[PDB]
Every structure is written in structure tokens, then in C-alpha cells.
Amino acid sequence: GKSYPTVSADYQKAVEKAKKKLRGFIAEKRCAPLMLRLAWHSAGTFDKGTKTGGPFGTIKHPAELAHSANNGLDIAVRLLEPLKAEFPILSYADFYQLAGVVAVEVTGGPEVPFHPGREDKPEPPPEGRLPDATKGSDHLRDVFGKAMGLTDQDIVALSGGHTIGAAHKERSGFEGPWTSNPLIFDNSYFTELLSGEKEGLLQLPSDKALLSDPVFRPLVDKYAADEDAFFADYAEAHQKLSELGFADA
């Protein structure tokens, strides 16, 4: 249900050049997981009932970075600022969502479609919309379904973004990677989840809640067996997330 805005040719050219610069930078700095977390926290504050929050540039504001869920993202904002400055015509909103798409691409994931045109909005959303790692399947539906308006399939696919990166005890308090290859975007998050706890590796209570719910569990089994299907459903889910409240809700 989307109607994308028209942007000038100069805007379009800047998008294309920024994507190339972002690839090289993100690869060099080894920070893909962090950029993916930044885009996800930027978008995941959207609430469809009030049409507030979502991917509109606000995560750079000191008021939003202080949200406790956002521990560590000040690093990500700071890292990107000198590059953003080379592209003054782009909104921060677009730039951060593009960083997220590129993070998936450069770690070997699917090519998520990207449409430009998000505007930077002045008011950050209220704290507390991002999900709690200690809660379960009901909470996940409250947040992704009721607030953001995504489907159950989207919830499972997007959880698979834990295939890259790690928790840090100084940020959330949890510690460690979910997979043994945390810079490679693949389906191993789902394979580690099935085979159970392994020393070295992390499972949140919210990751485990996927294994026990009647709807989530078949999707976990599908994605553990078929990386192609995971990549397809992931690209679809990431696109929707990156576009919440944009070009029609």
C-alpha cells in the first residue's frame, strides 16, 4: 500500500553515491551489526494508532539517544556524521535507513529495496516502545503487531537480524554473539536456536519465545532449513520496517 514521493535527480544521484561510500566505510570499520541496530531502533518506535515515531531522523537527538534501549548508539551516530556531511542534500532519516540496507548487503545478506524521500521530523517519540528482551511472544505481538503493524512472519524474519553482531554487558547487560560467524548474514541464528544453548553463544528470552509459540516455531524450522526463504522473507520485512509511517503508514 505505498505511494513513494518524487525526489529530484540530484537527490537520486546522492543516494547512489552514498550507498557506495557506505559499503566501503561499513566494511572497513566492521560495524555492520551496529548500523543495522541503529536503523532498526530508528524505525521500531513507530506506532500506527497515533502515527508517531518511526524512521524520521530523530534518533540523532540527544533526548532519544538517552533512551536506555539505545545504549551504545551514540557511537553509531558519531561514526556516520563525517560521511553524512559529504551528502548534505540527504535527510538523516534516509541516510540511516540506507546504512541499514547496506549493512545487510555487505555482510552477504539479501538486497533490500530502498526508496528515498523520508523527511527529518523534529520531535522524538516517547521512551519505551522498543521491545524488552526478557519478555515473550505476547509482548512481541504488542510491539511489532499492534504498534508497528507488522505480521507474525515479519517478527520471526526480523529476529533473524541477530545472525550478525553481539550483546555487550556494558550496553544491555547481555553478552556475546548469537552465532559463530557474527559478521556474516546467514540463517545460522535459526540453526543455533534449534540445537539449543551452546557455551560462547547467546540466546535472549525473546529469541527463545520463538521456539514455543505455535505460529513462530514453523517459521523458525523453515528458515533453519531454507536460507533462501529466510532471505526472501527478511528482505520483505526489512523493507516494511524501513518504510513505517512513510509513503502511507
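Position 1 is the first residue in the sequence shown; the rest follow in order.
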**Request:** Select between 97 to 105 and 143 to 151 the stretch whose C-alpha atoms have the higher average B-factor in the entry.
**Result:** 143 to 151
**Prompt:** If you average the Cα B factors in the entry, which is higher, 157 to 165 or 118 to 126?
**Reply:** 118 to 126
**Message:** Among 26, 184, 65, 34, where is the Cα B factor highest in this entry?
**Reply:** 65
**Message:** For the chain shown, is the CA B-factor of residue 113 in the lowest, middle or highest third of its modelled residues?
**Reply:** middle
**Prompt:** If you rank every modelled residue in this chain by C-alpha B factor, which third holds residue 90: lowest, middle or highest?
**Reply:** lowest
**Message:** Ranking the modelled residues of this chain by C-alpha B-factor as given in the entry, is residue 75 in the lowest, middle or highest third?
**Reply:** middle
**Item:** Ranked C-alpha temperature factor of residue 242 among modelled chain residues, by third
**Value:** lowest
**Request:** Using the B-factor values recorded in the entry, state whether the Cα atom of residue 39 falls in the lowest, middle or highest third among the modelled residues of its chain.
**Result:** lowest
